[PDB]
2 protein chains.
Amino acid sequence: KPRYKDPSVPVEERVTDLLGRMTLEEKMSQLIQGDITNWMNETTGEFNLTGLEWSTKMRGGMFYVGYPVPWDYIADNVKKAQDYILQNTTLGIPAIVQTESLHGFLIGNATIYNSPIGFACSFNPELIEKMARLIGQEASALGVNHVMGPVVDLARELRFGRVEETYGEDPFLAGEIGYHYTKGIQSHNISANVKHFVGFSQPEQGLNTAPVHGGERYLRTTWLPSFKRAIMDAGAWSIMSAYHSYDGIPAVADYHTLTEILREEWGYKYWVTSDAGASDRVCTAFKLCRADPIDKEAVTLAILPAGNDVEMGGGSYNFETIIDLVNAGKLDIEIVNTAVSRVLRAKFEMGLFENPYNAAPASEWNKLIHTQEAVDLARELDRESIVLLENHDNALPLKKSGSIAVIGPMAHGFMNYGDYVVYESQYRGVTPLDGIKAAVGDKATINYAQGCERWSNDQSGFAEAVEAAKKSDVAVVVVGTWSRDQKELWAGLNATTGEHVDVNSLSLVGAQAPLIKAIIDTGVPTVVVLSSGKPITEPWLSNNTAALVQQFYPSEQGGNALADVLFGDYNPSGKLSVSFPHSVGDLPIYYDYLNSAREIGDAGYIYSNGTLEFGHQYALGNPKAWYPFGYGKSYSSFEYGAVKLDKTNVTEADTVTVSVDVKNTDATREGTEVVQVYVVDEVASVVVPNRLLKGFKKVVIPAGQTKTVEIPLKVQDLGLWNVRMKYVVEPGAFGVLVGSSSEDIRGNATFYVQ
Amino acid sequence: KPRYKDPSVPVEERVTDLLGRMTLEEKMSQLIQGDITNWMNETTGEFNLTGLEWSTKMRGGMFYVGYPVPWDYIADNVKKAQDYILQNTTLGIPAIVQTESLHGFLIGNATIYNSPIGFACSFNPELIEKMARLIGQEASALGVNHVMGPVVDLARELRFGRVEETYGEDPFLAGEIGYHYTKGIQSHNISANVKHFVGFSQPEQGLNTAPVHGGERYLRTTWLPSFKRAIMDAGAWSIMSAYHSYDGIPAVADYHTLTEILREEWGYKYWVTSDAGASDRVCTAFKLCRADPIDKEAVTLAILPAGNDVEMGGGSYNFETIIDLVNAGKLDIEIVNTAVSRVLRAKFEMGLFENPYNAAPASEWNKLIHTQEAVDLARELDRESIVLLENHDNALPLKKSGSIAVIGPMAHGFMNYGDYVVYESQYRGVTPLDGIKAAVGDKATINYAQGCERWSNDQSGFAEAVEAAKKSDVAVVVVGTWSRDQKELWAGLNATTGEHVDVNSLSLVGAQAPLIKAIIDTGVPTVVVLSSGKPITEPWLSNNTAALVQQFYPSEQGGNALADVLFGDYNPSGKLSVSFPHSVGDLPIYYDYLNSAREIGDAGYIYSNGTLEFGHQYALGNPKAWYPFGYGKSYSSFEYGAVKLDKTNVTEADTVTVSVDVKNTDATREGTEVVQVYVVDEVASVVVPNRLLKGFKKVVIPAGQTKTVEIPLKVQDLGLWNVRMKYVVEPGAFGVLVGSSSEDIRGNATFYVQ
Ligand SMILES: *[C@@H]1O[C@H](CO)[C@@H](O[C@@H]2O[C@H](CO)[C@@H](O)[C@H](O)[C@H]2NC(C)=O)[C@H](O)[C@H]1NC(C)=O
Ligand SMILES: *[C@@H]1O[C@H](CO)[C@@H](O[C@@H]2O[C@H](CO)[C@@H](O)[C@H](O)[C@H]2NC(C)=O)[C@H](O)[C@H]1NC(C)=O
Ligand SMILES: *[C@@H]1O[C@H](CO)[C@@H](O[C@@H]2O[C@H](CO)[C@@H](O)[C@H](O)[C@H]2NC(C)=O)[C@H](O)[C@H]1NC(C)=O
Ligand SMILES: *[C@@H]1O[C@H](CO)[C@@H](O[C@@H]2O[C@H](CO)[C@@H](O)[C@H](O)[C@H]2NC(C)=O)[C@H](O)[C@H]1NC(C)=O
Ligand SMILES: *[C@@H]1O[C@H](CO)[C@@H](O[C@@H]2O[C@H](CO)[C@@H](O)[C@H](O)[C@H]2NC(C)=O)[C@H](O)[C@H]1NC(C)=O
Ligand SMILES: *[C@@H]1O[C@H](CO)[C@@H](O[C@@H]2O[C@H](CO)[C@@H](O)[C@H](O)[C@H]2NC(C)=O)[C@H](O)[C@H]1NC(C)=O
Ligand SMILES: *[C@@H]1O[C@H](CO)[C@@H](O[C@@H]2O[C@H](CO)[C@@H](O)[C@H](O)[C@H]2NC(C)=O)[C@H](O)[C@H]1NC(C)=O
Ligand SMILES: *[C@@H]1O[C@H](CO)[C@@H](O)[C@H](O)[C@H]1NC(C)=O
Ligand SMILES: *[C@@H]1O[C@H](CO)[C@@H](O)[C@H](O)[C@H]1NC(C)=O
Ligand SMILES: *[C@@H]1O[C@H](CO)[C@@H](O)[C@H](O)[C@H]1NC(C)=O
Ligand SMILES: *[C@@H]1O[C@H](CO)[C@@H](O)[C@H](O)[C@H]1NC(C)=O
Ligand SMILES: *[C@@H]1O[C@H](CO)[C@@H](O)[C@H](O)[C@H]1NC(C)=O
Ligand SMILES: *[C@@H]1O[C@H](CO)[C@@H](O)[C@H](O)[C@H]1NC(C)=O
Ligand SMILES: *[C@@H]1O[C@H](CO)[C@@H](O)[C@H](O)[C@H]1NC(C)=O
Ligand SMILES: *[C@@H]1O[C@H](CO)[C@@H](O)[C@H](O)[C@H]1NC(C)=O
Ligand SMILES: *[C@@H]1O[C@H](CO)[C@@H](O)[C@H](O)[C@H]1NC(C)=O
Ligand SMILES: *[C@@H]1O[C@H](CO)[C@@H](O)[C@H](O)[C@H]1NC(C)=O
Ligand SMILES: [Ca+2]
Ligand SMILES: [Ca+2]
């Protein structure tokens, strides 16, 4: 009766006991990711015994299952791998079973949620938790016990294709969503995988995997907080390191971050895996070792002792040299023992040794995956993420009567899903046209015209769209950006966002802007919906359209969510998770810019009639955000009262509770406001962010009513990184700005730390 | 008689002896910059004795004289101030007398050289050293003994207004020019002032004075080298600190850079001044102290102990609190003593105590300022700076016969000088039209038409320009960017470059691009001259025009220099000091990007007929340079032979001499080539720049001849900053790429450090 098999033994002793029975071959197997296609034929589902035997022995710790195959292919072949481990190895160390979950379990016919950049606009972490719980239920049904999220990278470089996968530009909002997502996932004993550690998403020129310029203060002030929350407070069982270098140290091989910060400072107890092919990049991209033939020893010696425990597939499996390095005396066995211990500790705490089998039987999968509860939530979370940017003269909400033109490439014909969806997803779900026709039924005439193809400058379709508008009371035009599913993205089909699709312009592509102009020029009131994965730069829309709506990449319920807002069944409540610049020329545009940035001189202007008004910052443009972080309108108006703090003279150990009464001055409808609290460290020892979101509350306010909003500020969380790179909450004044966006401040107060 | 007065006493002993005789008031006075307008009325020249007494007592160490006044106002009032020091103070500590010299002594009717971004394209540091010697002659004539250059900031942020004041994007080229400029100046016992220390010219969003994101590795690898050469090798007697923060530490208050690096590592022996109002910024922009009323103590305590010795004017003279701080026990007298000592030591080394008077008599100024030698050099250096970008079917050089159209806002009507020119400069000098007319005399008909105004979208002028082209055999169109003199710049007149004039676009402004198209459509062969202070993004010009010429902001001889190239009296020899992007959306674009950057996937393309071809990096654009660093054509072709190294197995103490024979295959013309040597550290312990200019040689090769070019590489200069932030030349292979640009490599070799 080996002690490691006994659940009454403390976890640390179970780890010790198991580790001391393991051969070096078995230890290495734990640290190298396998793949379900080592024993499962992706096209036929046929089983290859020899490949399972090899995979288990050589890369047996964990394996990837993110293939677009039938449900039973995943479940039956995961089962065979777990049964093989249990019945046909000495030690029976259960496998971690890994797929993607970003905005839904990555398998066909599972529930697709709106993209992360969008659900961040909900400012509704509780609802995002509920999502993560239902995602874990779907994944769990087929035998998955690990998912490759959350992404707690920040949208700080708008040209980068993966903006959509983030929770926005702000550390606090991302950290809070990260925490909730992780909690909802791990509530099922499914491992989260907090990614991409660390400082990944500000690549040079916006290019996928390109290196990042920045210093240690920026890393600790802005990049690291969102990881800290998911890791330290939500107890994430795994982390993925990143593809980039940060001031010239590769993320995958950074001892300072992966060991000194992650373990010595934060006490992280579990494992870090590389990204996919990230280990080879040490030689191939970064040129820190010989690329041909690849110096597998050198790669291993760079990343494993740095604290990157596990090598992901997609590369050359450089970690197969661990045995040789140990025999040569070049790698201390204790480094291997620490990495293995981290993996085993996660497996014990996940419960895998007591319950290695996750999956439900085939007869139950339809009762666990794509449930009405999941579909309903997708629509709820989607509708709560929609951001009203403009609404002139009560154009919205639309009346469910008369005639309505529905125009534009994104209105119909394909679902405008973000990246990290499975092949052929785009052929199912609710389009804006579907949604709008469902909401009006027989009460309004709908006149649909495609208008243009998103990927073409061709204006053949304009006449039909102009005609549709001209015979309608109002026009809805749906344009934006597009991405691709996991097959089409990597086959090279055209895209304007997604992993490895980066842009040098944020303006509407192809004929989409000219299509809007042709409709507006009919004089019919035109509502423009932006359907997209990042900011779009078209400032002329704000005041030349009747209304302007942002729906970041939808859920499978997107068109219903959208029509719920358009016709006013739901009073829009989204706030921007990411700042909108006037031009790609104006980047970066994050709201949390250090003092001395952004607001410097006078802006120039180009008028549409040709007149140039010359300024300084810039000569002929404006570095101020077109729309700021936290911006979002309502059909209802909100009047804030005086801001109150419960305590004014405080200590670094205190909590200051911010209070404010918010009145819904609309007498006819309920409205939801997101009250946002920004902290300003007024006078600091080093230069700090001008203002930082440090709390918020989304509240539903009945018509004509006043609601008391209370938001706590833990003083310990408002510090900075001083000249000695120590975290301190320096004595002195802290401003508290309370408002409806990062710019729209409605009241303020000041407290003093002593 | 006191030891400090005796030239035979060692300098450190002279400093000790003098410092020991100074009151704390006299010490304070050395560390605070005065201003000649404290005793000279700017408009009348009247002397104010009271104001000289006060300036001398309170801010008497050094004073500024950069006012647009007659020569005798400067000379007579400088004399008054030096005479007052000598005869009417106890100690007779001569004043340092400061002005600007960026591309010419900053006084009316002195020689104006081309702007620095242009003269860097000459790759001729010896000629630039000649320029700095003549500049010092001109300055010295009026009693100036300190000039506020060189700028050794790098043009790494192309939106930033002061790109034109830099020597380009490359550390090595900027370092070499900085060295030579410093040496030229100080050959006259005139102090250089190396600026802006350090990391200033990559401001966030390209906005003037905005903070800079970067780590210490980037700072040491890229930003600091150019400072090192001027300071440590050329012996610069003064430094100016910068306006920015770097990873959140203000440059003005950074102990690590100003003291640890500059003194403890580099052994710098002299003084550092703040920039203008840069002291107040500590409270006002950076928010590190109370702004109102400004906390003068806190400013002083932040910058003086950090190693910023001298407070410049343009602020609140926070240093007047030095005395109170010493009295309160808050500032150690030894800090002040160190700072004063730094100033005195410079003054002793400059020879000021033996020769405090610089100036020549009134009757000689016309023989010392704006001499034929200076005017000729301005034309020679300007012509050597012109970069031929394209030349199809031998459109260039032009014949001095037939008819020639000269078109565009920059062809005539004003001189397109860069910034750091004195009020009303723009009304003197040779315009392109002036130069072209002088060059052809009666041998060709010149058909001039303005075409458009640079600051306007109005196309009224096009028909006249079109007519001018149509009645000519060839058309020359001069467009680009424009700046302003020191008065008009700060009065707010319109500009597209210069200090506090930043841009969010690099496309030709106003009617300029459409002007070009209108002329081209004429079918007359069209040569475009870009007349500008930074890259312009118009890729369509390369193959839609007959030829394409870059003249960065001209000298007062610009039009002659331009005509010298256009008509082929000079075979153009310039090479780009800064890389040209396709679009402002593609930034940054420096040639020395870290491995893993820039070269990542496939580029898309927008055809002029509207067809879209979608790529990845970027979807619809190209992150590769339109023209790279070091790019420049000639009328002549050059054929490189095999590259040879004199040594292959070397150590860090050795020098490797690169040799290659370059043949001028042109049978009719002499031609000048700039041979460029880029070093590649093949395998490194940390990520490094992909390639780095480490040597070059500009050679004149007679028609048909072959010339041996030898370029030395000191191995000690080819190292990196490792993970412990130590500079190391790591054993292993170094690639040597020899070519006509950073991209056009014609030969290579490898040596091995042991
Ligand atoms: C079943 O699995 C094993 C995987 O081990 C496969 O064996 C490999 O065969 C390929 C090509 O034929 C060789 O490149 C590899 O070296 C082999 N790998 C090993 C470790 O043996 C086998 O081909 C698979 N068979 C089927 C039908 O899929
Ligand atoms: C997840 O894992 C833990 C560890 O297996 C489970 O906790 C055990 O729960 C079992 C119930 O079968 C109990 O008998 C043990 O007392 C618990 N052990 C510990 C350490 O708490 C937990 O139930 C699992 N949770 C879920 C949702 O599956
Ligand atoms: C962008 O991708 C789409 C596919 O989504 C391409 O459209 C297909 O193109 C071929 C014609 O070459 C047709 O046979 C298909 O019927 C088209 N499919 C659809 C859904 O329309 C499109 O051509 C691509 N565009 C560009 C410019 O690359
Ligand atoms: C001559 O010099 C003194 C400068 O010391 C001038 O006096 C100043 O007067 C101004 C305004 O008139 C006051 O604001 C300052 O406080 C004075 N400074 C000091 C310390 O006295 C005097 O105005 C000058 N006279 C001229 C040029 O006419
Ligand atoms: C620059 O200053 C130095 C120091 O004052 C000058 O050198 C001195 O000149 C005298 C004779 O005039 C020599 O006998 C001394 O030995 C020199 N001293 C040193 C330290 O070298 C120098 O000539 C001046 N140079 C110029 C161009 O004016
Ligand atoms: C840009 O600056 C020029 C000056 O260089 C302005 O033109 C001047 O405009 C003033 C004021 O109306 C006139 O009195 C001058 O006669 C103009 N000078 C010239 C050369 O015409 C010009 O209007 C400015 N343009 C803009 C759009 O700001
Ligand atoms: C202008 O035309 C030249 C010649 O066609 C282009 O240079 C070529 O660029 C292609 C890229 O497609 C290279 O693969 C060729 O090897 C180059 N050929 C030569 C002879 O240089 C150039 O790119 C065009 N410039 C622009 C701005 O479009
Ligand atoms: C899967 O099966 C098909 C045919 O049955 C075969 O062509 C394909 O190559 C197989 N792949 C692997 C890796 O076994
Ligand atoms: C999804 O259901 C659709 C129904 O047409 C079907 O084509 C496909 O086989 C299903 N996918 C999975 C993974 O069950
Ligand atoms: C695994 O072990 C069981 C015995 O417990 C055995 O019956 C079965 O044959 C084994 N399977 C394989 C694939 O070796
Ligand atoms: C639209 O108009 C409002 C009201 O005048 C104004 O404040 C806002 O700046 C305008 N937006 C744009 C993008 O010009
Ligand atoms: C164009 O608009 C500007 C902006 O108000 C105005 O001053 C100017 O006079 C207008 N010009 C024309 C040509 O209408
Ligand atoms: C907080 O502190 C100041 C003393 O520094 C005191 O004057 C003030 O009344 C206190 N305010 C509150 C709200 O207790
Ligand atoms: C210079 O003198 C004129 C009188 O000619 C006067 O108007 C002006 O104020 C004076 N400037 C100063 C600084 O005293
Ligand atoms: C420069 O020369 C012109 C004469 O052409 C004169 O107007 C001006 O006053 C002179 N400036 C100086 C500083 O000598
Ligand atoms: C300076 O000292 C000289 C020499 O004694 C004296 O003649 C002169 O009057 C003084 N000048 C001033 C302005 O005080
Ligand atoms: C537009 O130019 C592209 C370049 O190949 C071509 O494929 C397309 O057909 C052109 N359109 C025209 C002239 O049909
Ligand atoms: Ca503070
Ligand atoms: Ca090396």
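The values are calculated or read from the model by the stated rules, or taken from the named source; nothing here is a laboratory result. Methodologically, a virtual Cβ is constructed for each residue, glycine included, from the backbone with ideal geometry; neighbour enumeration extends over all protein chains shown.
Tallying residues that are within 14 Å of chain B (Cβ to nearest Cβ) and either among the β-branched types (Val, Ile, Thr) or within 20 Å of A:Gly214 (Cα to Cα) (or both) within the stretch A:240-280 yields 19.
Whether a residue is in contact with a helix residue (DSSP H, G or I) (Cβ under 9 Å, 6 or more places away or on another chain) and not small (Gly, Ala, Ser) was assessed, and A:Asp324 passes this test.
I'm trying to understand the selection: among the residues of the stretch A:249-276, which are among the β-branched types (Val, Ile, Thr) and part of a helix (DSSP H, G or I)?
Answer for the stretch A:249-276, where residues must be among the β-branched types (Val, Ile, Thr) and part of a helix (DSSP H, G or I): A:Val252, A:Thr257, A:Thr259, A:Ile261.
Determine whether A:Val675 is away from ligand 4 (no atom under 16 Å from the Cβ), in the same structural domain as A:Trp721 (by CATH), closer than 18 Å to A:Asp592 by Cβ and surrounded by 21 or more Cβ atoms within 10 Å (Cβ to Cβ). Taking the combined requirement at face value, the residue does not satisfy it.
Name the helices (runs of 4 or more DSSP H) wholly within the stretch B:382-501 that hold at least 2 residues that are in contact (Cβ under 8 Å) with a residue 24 or more places away in the chain and closer than 28 Å to B:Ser573 by Cα?
B:432-440
Which residues, counting only those in the stretch A:443-473, are within 37 Å of the chain's Cα centre (by Cα) and β-branched (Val, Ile, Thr)? Once the filter is applied, which keeps residues that are within 37 Å of the chain's Cα centre (by Cα) and β-branched (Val, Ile, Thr), the stretch A:443-473 yields only A:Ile446.
For A:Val723, state whether it is within 14 Å of chain B (Cβ to nearest Cβ) and part of a loop (DSSP other than H, G, I, E, B).
Yes: the conditions hold for A:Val723.
For the stretch B:604-634, filtering for residues that are more than 33 Å from the chain's Cα centre (by Cα) and not in a strand (DSSP E or B) leaves 11.
Of the candidates B:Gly747, B:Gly732, the single residue that is surrounded by 15 or more Cβ atoms within 10 Å (Cβ to Cβ) and either touching a residue at least 24 places away in the same chain (Cβ under 8 Å) or not polar (S, T, N, Q) (or both) is B:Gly747.
For the stretch A:458-496, a residue qualifies if it is of a type in the set (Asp, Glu) and touching a helix residue (DSSP H, G or I) at 6+ places or on another chain (Cβ under 6 Å), and exactly one does: A:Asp485. With respect to the stated conditions, A:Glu424 fails to be assigned by CATH to the domain that holds A:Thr545, within 23 Å of A:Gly632 (Cα to Cα) and among the acidic types (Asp, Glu). Remark: B:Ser596 matches the filter, which requires a residue to be assigned to a loop (DSSP other than H, G, I, E, B), buried (at least 24 other Cβ atoms within 10 Å of the Cβ) and within 14 Å of chain A (Cβ to nearest Cβ).
Would you please name the residue that is farthest from B:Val728 (Cα to Cα), looking only at residues in the stretch B:193-217 that are more than 13 Å from chain A (Cβ to nearest Cβ), out of contact with any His (no Cβ under 8 Å at 6 or more places or on another chain) and assigned to a loop (DSSP other than H, G, I, E, B)? Taking the candidates together, the pick is B:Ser201. Of all residues in the stretch B:293-303, exactly one satisfies the criterion of being assigned to a loop (DSSP other than H, G, I, E, B) and within 12 Å of chain A (Cβ to nearest Cβ), namely B:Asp295. Looking across the stretch B:502-519, just one residue is in contact with a strand residue (DSSP E or B) (Cβ under 9 Å, 6 or more places away or on another chain), among the hydrophobic types (A, V, I, L, M, F, W, C) and within 8 Å of chain A (Cβ to nearest Cβ), and that is B:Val509.
Just one of the listed residues (B:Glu53, B:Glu42) is within 35 Å of the chain's Cα centre (by Cα) and farther than 16 Å from B:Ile323 by Cα, namely B:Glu42. Among the candidates B:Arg133, B:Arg162, B:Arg156, the residue that is surrounded by fewer than 24 Cβ atoms within 10 Å (Cβ to Cβ) and touching a residue at least 24 places away in the same chain (Cβ under 8 Å) is uniquely B:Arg133. Among the residues examined, A:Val336 does not qualify as in contact with a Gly (Cβ under 7 Å, 6 or more places away or on another chain), more than 13 Å from chain B (Cβ to nearest Cβ) and surrounded by 18 or more Cβ atoms within 10 Å (Cβ to Cβ).
Annotation: A:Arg220 fulfils all but one of (1) away from every other protein chain (no Cβ under 14 Å); (2) outside any loop (DSSP other than H, G, I, E, B); (3) within 24 Å of B:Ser596 (Cβ to Cβ); the unmet one is (1).
Every condition in (1) closer than 18 Å to A:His146 by Cα; (2) within 16 Å of ligand 10 (Cβ to nearest atom); (3) assigned to a loop (DSSP other than H, G, I, E, B) is met by A:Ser101 except one, and the failing one is (2).
For the stretch A:451-472, a residue qualifies if it is more than 14 Å from every other protein chain (Cβ to nearest Cβ) and either within 16 Å of ligand 9 (Cβ to nearest atom) or surrounded by fewer than 17 Cβ atoms within 10 Å (Cβ to Cβ) (or both), and the qualifying residues are A:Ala463, A:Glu464, A:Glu467, A:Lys470, A:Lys471. Flag: B:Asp744 does not match the condition of being closer than 30 Å to A:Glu216 by Cα and more than 14 Å from chain A (Cβ to nearest Cβ). Within the set A:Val336, A:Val326, the sole residue that is over 35 Å from the mean Cα position of the chain (by Cα), assigned to a helix (DSSP H, G or I), assigned by CATH to the domain that holds A:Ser274 and touching a residue at least 40 places away in the same chain (Cβ under 8 Å) turns out to be A:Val326.
Restricting B:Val524, B:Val528, B:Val440, B:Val476 to those that are within 26 Å of B:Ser425 (Cα to Cα), away from every other protein chain (no Cβ under 14 Å) and over 28 Å from the mean Cα position of the chain (by Cα) reduces the list to B:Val476.
Taking the stretch B:520-565 as the range and being part of a helix (DSSP H, G or I), touching a strand residue (DSSP E or B) at 6+ places or on another chain (Cβ under 6 Å) and either over 19 Å from B:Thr496 (Cβ atoms) or within 16 Å of ligand 9 (Cβ to nearest atom) (or both) as the test, the residues that pass are B:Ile520, B:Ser542, B:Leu562.
Exactly one residue out of B:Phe567, B:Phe580 is more than 30 Å from A:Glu157 (Cβ to Cβ) and aromatic (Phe, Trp, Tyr), and it is B:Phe567. Of the candidates B:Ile107, B:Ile85, B:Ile117, B:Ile112, the single residue that is more than 16 Å from ligand 5 (Cβ to nearest atom), crowded, with 20+ Cβ neighbours inside 10 Å and in a helix (DSSP H, G or I) is B:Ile117.
For A:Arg229, are the conditions met, namely being touching a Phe, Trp or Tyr at 6+ places or on another chain (Cβ under 9 Å), within 14 Å of chain B (Cβ to nearest Cβ) and of a type in the set (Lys, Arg)? For A:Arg229, the condition - touching a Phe, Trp or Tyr at 6+ places or on another chain (Cβ under 9 Å), within 14 Å of chain B (Cβ to nearest Cβ) and of a type in the set (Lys, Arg) - is not met.
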